[PDB]
Amino acid sequence: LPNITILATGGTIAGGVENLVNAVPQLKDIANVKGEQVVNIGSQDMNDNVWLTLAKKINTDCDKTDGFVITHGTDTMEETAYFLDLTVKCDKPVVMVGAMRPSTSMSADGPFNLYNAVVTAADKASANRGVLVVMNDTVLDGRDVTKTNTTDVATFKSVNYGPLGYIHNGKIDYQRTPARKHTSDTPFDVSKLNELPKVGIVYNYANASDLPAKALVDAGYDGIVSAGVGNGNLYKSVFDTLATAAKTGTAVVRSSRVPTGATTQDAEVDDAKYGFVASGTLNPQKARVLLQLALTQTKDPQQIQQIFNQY
Amino acid sequence: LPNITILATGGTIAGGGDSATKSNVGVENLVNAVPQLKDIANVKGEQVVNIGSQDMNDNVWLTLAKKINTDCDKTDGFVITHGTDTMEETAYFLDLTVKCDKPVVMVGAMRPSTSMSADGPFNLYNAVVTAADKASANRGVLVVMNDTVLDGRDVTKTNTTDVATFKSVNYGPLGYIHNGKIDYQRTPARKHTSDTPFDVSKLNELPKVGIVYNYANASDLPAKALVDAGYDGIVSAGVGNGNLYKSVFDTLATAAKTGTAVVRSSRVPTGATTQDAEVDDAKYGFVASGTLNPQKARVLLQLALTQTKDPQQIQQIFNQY
Amino acid sequence: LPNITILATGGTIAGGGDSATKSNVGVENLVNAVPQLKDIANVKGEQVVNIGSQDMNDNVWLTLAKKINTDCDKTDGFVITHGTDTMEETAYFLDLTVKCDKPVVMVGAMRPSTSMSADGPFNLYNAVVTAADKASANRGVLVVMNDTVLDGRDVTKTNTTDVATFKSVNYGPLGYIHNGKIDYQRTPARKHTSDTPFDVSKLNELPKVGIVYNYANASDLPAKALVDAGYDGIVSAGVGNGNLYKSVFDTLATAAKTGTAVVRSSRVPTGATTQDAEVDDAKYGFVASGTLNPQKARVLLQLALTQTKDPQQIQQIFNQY
Amino acid sequence: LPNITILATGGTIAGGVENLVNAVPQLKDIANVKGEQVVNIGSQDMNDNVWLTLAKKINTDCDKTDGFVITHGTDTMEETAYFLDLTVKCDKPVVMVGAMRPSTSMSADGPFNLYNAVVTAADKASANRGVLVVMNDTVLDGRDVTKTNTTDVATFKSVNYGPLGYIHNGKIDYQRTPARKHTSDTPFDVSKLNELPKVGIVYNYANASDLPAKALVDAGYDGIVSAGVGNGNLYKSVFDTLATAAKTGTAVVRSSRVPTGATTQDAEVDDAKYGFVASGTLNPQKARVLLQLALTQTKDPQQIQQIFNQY
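Protein chains in written order, with my numbering: chain E, 682 to 992; chain Y, 44 to 364; chain W, 44 to 364; chain A, 682 to 992.
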């Protein structure tokens, strides 16, 4: 059976980490499982330092195991998954998993989610598909996956392009793979980084204040992601503040608060005139992930736009 | 035929039929752009304001509510043409502040009126059908898009470009439109229009309420900037079931005990931010938004703050409207 | 605490808590498999029948309706445990024939009770919560699955394996359940339970109604076989908005003028099969099903045929229930 | 500009076929369009003879054009699309398109759907993705696409695995391609066939009659697809009739009336014992398509099951 490493970032999702094989004994029939506690935080407190720790650990320990499962809180799992999708260089499956119900609650979803995550990490067909999220019997790619509902066990969906495969009786039928470049096909190399460029997110809505945007600019933030209205549009005072900042060198990415679809180039904002970048199907928190990593390579809006077109 | 007033807030959502007859109009041309409006209503148009909906603001909201409430006895129903980007916010504001019980229907277009297969003309026709239907009364303010009647509280823009973008993502639509007929199977249970206490006829401004986003390694600077500006309320677009990044939590905990109303909503597009989850709202003086997303929670918080600053009373408001 | 009766129609959807105490139950063990039922209700269980729901039939339907109507005054609410494959059919049959106004809630499980992360226990808990809630009365027969309360008319199985499969795909759910509390925001407008004329207490059989599928190059032999057997009604699972393959159309046109009731439904999983579309129903004597899918249209057609054979009166029934 | 052939099977969807460039003049700016009327029927009357005509025409005329657009009624478009997905051997885009509103109705969707279908057929990136359906600004694969709503212009969706790309301003961002084998990677060759094996569909529901199933068996049908309940289950009397028929050599495929998900092997029916085949994510009408073509190659249930696992 394959050697699978479980990297935990918080509390247990079934039934500490070295006792998962006794909480889910059926794991022993599909893998030899070894567990390590990397951090212990709630995922609402996820941060850049944990991201760097996780990427470096996977890239360092790749040769010591056949696949990785990362147990993670659901709140920010979609952000961590995409960060690792862009920075992991390991050739072996990396699978993120969580639980929408507490492990001690009735009909807890964690045990079977963990089982199916280990199935996915052990499947030779899972390799070269990027970093994966496995939730509710489904294999999802780290780029498009997002939390769609605040409480449903079925909350995680790839809302623009769909799942990669479904799991039944411990077997996966993969019918899709992400076309955007991931893992060893990206230039992002965080092995020597102690920190990431500073990128914040501002919301747009009727009568929106420019004060949040101005505060990030005044703090010297390297980039700002706009959660715009509709197809990435901005309330006038927010636009004005971000347009001035882009002329001073702040990177500005237009995303959307709208939960599906793409913030497109060639719409109602002349991005080239203002020095802005359109996020495509990346939602604001995912756009932040790629913008931070883009800013490790370049500050030029045309080159950042090309990054947002390839990854 | 019913008298229907169209209130325009921006550009035309339907064009055509405007060839001149003299050798030598705007909203008044809609009866020529969509000539079959004649079959279903007596239409009169007024241009209230002309702005893109990404620049929607409190002043336009107050103008619309006051106009509808003042002109209720002069017409049988209202249609408001509005940009799609913030329609869901205006719809809910009017849902809470309109006291006319005659139908008020909002409508827009996801394709330009000059484009191939423009959706505006048929959307406008169906909006007038809805405003003319006696069965549409007493259901609150409505949004009519893509052959569907949606209630103003739950309706939201779900896709950046699709003509089918507007959905009531938690509780579903009220009715579907086919061949100019509506089969209504639902009505909102939350209190609306004349069953709310919100009365803005005499108000010239609304309490200041801003929105902050949560994500990994979120800065507290947006929240701090609102607090420094003396904002009356702050809505948090939380992660998951309304949770907060530690730095943002710290600032909002301070703000809630120092005279700021704090509502926990969620960046997650469906589902409720609940009480009795993983944030002790009673300890911190916070309010949970329920199924109201951040921009909709801002609407209700602004209006709540015209009545009260007490967090327990604001929570009751968020449990009733 | 309310008295809640559980009527089981098959295997247990929750297990455990059954260790013996003597050195030397089935549905009666559910209070041990889900011990927190004690916190919310006084539960008594009866095994009505024991079958897989793919073998559901008219006799079980009649038994359930009669039992609920007979035992209504002996309890405060009912929960029916049922297989998922045909739950949506039984739910609608009971929605039309139950005359008790106390809550009747159906519940099932998409994972075996012995499996990892089995959904049955929490589904049953939430079903009892719903049946015990005074607010659940007068909303018709309900289905409670995956923390959601769904009305029996619109609820359908949308996925072959997902625990979240049951959805009200046209008009949405009535309420969501969190921490043992329901926030109801909707109720069905179509007439149900004591507002219908359908009374099956004295009936030992139901009219014969079959379903035929439409597709490219569809054979007329299924339809002809029903007609030859003297079926009282035939439901067509049409293509698109209720359309029929030419050979099937020919047979059903003949059947409708020769004493068979013919209802046009659709294999398409959401939306209505409408009147005034591309099938002249008046000319052919057909009835359009609206949002009722084929198996749900069969339920209403069977019951319509206990009252009338007249296609105009059956159409009115399909417009009211 | 590319040469695009429009093959019409019914009435016009914009504004006969030789006049589409004047109904949608913007087509002239993206392609040189030539139109042919192959048949003129409503798609509710679609049939095997039209399917054979279309496949042979595309395979014969492949060298004479750069891509194909087929105008088709929406009712059975998902069946024709999958038939062609399995039988077209041409290396050039084949794109199906229709309209949910009449061409003479307000806000008719046909004109822009046709424009976007020609965009897709002209895009070099559309090749080698199988037969496509283009509806409501979206490119969908012929296998998974299905009509989800009776009237909505947005009705067509790939409900299990998602779309291949979205179209904005005449440009497509493809992020997916079907993994199941299609077009020139299948063995199905209809170039010399005058007819297809007889395959019918029976519905399952409470108290279901076995008489439809028995009628198809008595007519000597080569195959029967069951629209089962849940995960492909059958009402007892239908099961019994189909089990007896399978022992006599009738091919029997279990599908489901449930609109998403897979009728799986290793569930509540012992397919190997009874000689049945599980359809996977193919719905009943799509399962019929593949079963008919399977039966041109083999009558053995294990070999038919392998076909349903590869195509």
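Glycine residues also receive a C-beta, built at the ideal position from the N, C-alpha and C atoms.
Bounding residues of the alpha helix (DSSP H) (the contiguous stretch that carries residue i)
i, result
"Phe989(A)", "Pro982 to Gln991"
"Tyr955(E)", "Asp952 to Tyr955"
"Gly811(A)", "Counting along the chain, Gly811(A) falls outside any alpha helix (DSSP H), and DSSP gives it neither H nor E."
"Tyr796(A)", "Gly791 to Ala803"
"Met777(E)", "No alpha helix (DSSP H) contains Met777(E), which is instead part of the beta strand (DSSP E) from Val775 to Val778."
"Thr106(W)", "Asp101 to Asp114"
"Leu765(E)", "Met758 to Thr768"
"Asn284(Y)", "Neither: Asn284(Y) is in no alpha helix (DSSP H) and is coded neither H nor E."
Closest by C-alpha distance to residue i, when choosing among the options
i, options, result
"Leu708(E)", "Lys879(E), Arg810(E), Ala798(E) and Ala943(E)", "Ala798(E)"
"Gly95(Y)", "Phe989(E), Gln978(E), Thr945(E) and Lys917(E)", "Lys917(E)"
"residue 367(W)", "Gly60(W), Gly69(W) and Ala63(W)", "Within the shown structure, residues of chain W are numbered from 44 to 364, placing residue 367(W) beyond reach of any answer."
"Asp323(W)", "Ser211(W), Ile360(W), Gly302(W) and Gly285(W)", "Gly285(W)"
"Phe241(Y)", "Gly314(Y), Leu139(Y), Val212(Y) and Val77(Y)", "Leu139(Y)"
"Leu335(Y)", "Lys326(Y), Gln356(Y), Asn362(Y) and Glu321(Y)", "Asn362(Y)"
"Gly692(A)", "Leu682(A), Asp710(A) and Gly716(A)", "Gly716(A)"
Chain A within 8 Å of residue i, Cβ atoms only
i, result
"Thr204(Y)", "yes"
"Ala207(Y)", "yes"
"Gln983(E)", "no"
"residue 406(Y)", "With chain Y represented from 44 up to 364, any question about residue 406(Y) goes unanswered, as that position is not in the structure."
"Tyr763(E)", "no"
Inter-residue CB distance, residue i and residue j (contact presumed, cutoff 8 Å)
i, j, result
"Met816(E)", "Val778(E)", "7 Å"
"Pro792(E)", "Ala695(E)", "4 Å"
"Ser788(E)", "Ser160(W)", "7 Å"
"residue 401(Y)", "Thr208(Y)", "This structure cannot speak to residue 401(Y), because chain Y is shown only from 44 to 364."
"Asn841(A)", "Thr941(A)", "6 Å"
Any chain Y beta carbon closer than 8 Å to residue i
i, result
"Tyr219(W)", "yes"
"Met787(A)", "yes"
"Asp790(A)", "yes"
"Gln707(A)", "yes"
"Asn336(W)", "no"
Bounding residues of the beta strand (DSSP E) (the contiguous stretch that carries residue i)
i, result
"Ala280(W)", "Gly276 to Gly281"
"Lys715(E)", "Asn713 to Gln718"
"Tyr855(E)", "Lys852 to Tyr855"
"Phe869(A)", "First-last for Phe869(A): undefined, no H or E at that position."
"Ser308(W)", "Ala304 to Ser309"
"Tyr219(Y)", "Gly218 to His221"
"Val342(Y)", "From DSSP, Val342(Y) is part of no beta strand (DSSP E) but of the alpha helix (DSSP H) over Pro337 to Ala347."
"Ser211(Y)", "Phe209 to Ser211"
Beta carbon proximity, residue i to chain E, threshold 8 Å
i, result
"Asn189(W)", "yes"
"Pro683(A)", "no"
"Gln856(A)", "yes"
Test: residue i CB closer than 8 Å to a CB of chain W
i, result
"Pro940(A)", "yes"
"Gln725(A)", "yes"
"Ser309(Y)", "no"
"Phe957(E)", "no"
"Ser839(A)", "no"
Amino acids of chain D, ordered along the chain, whose beta-carbon sits closer than 8 Å to that of residue i
i, result
"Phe121(Y)", "Absent from the structure is chain D; the protein chains it does hold are E, Y, W and A."
>> Counting beta carbon pairs with one atom in the stretch 330–340 of chain W and one in the stretch 305–315 of chain W, are three or more of them shorter than 8 Å?
In response: yes
> Do the stretch 820–829 of chain E and the stretch 757–777 of chain E make contact, defined as three or more Cβ pairs closer than 8 Å?
Replying inline: yes
> So does the stretch 959–974 of chain E actually touch the stretch 75–92 of chain Y, counting three or more Cβ pairs closer than 8 Å?
Replying inline: no
> Counting pairs of beta carbons, one from the stretch 893–908 of chain E and one from the stretch 263–274 of chain Y, are three or more of them closer than 8 Å?
Replying inline: yes
>> Tell me whether the stretch 742–753 of chain E and the stretch 774–790 of chain E touch, counting them as touching only if at least three CB pairs, one residue from each stretch, are closer than 8 Å.
In response: yes
> Does the stretch 863–873 of chain A come close enough to the stretch 846–865 of chain E to have 3 or more Cβ pairs within less than 8 Å?
Replying inline: no
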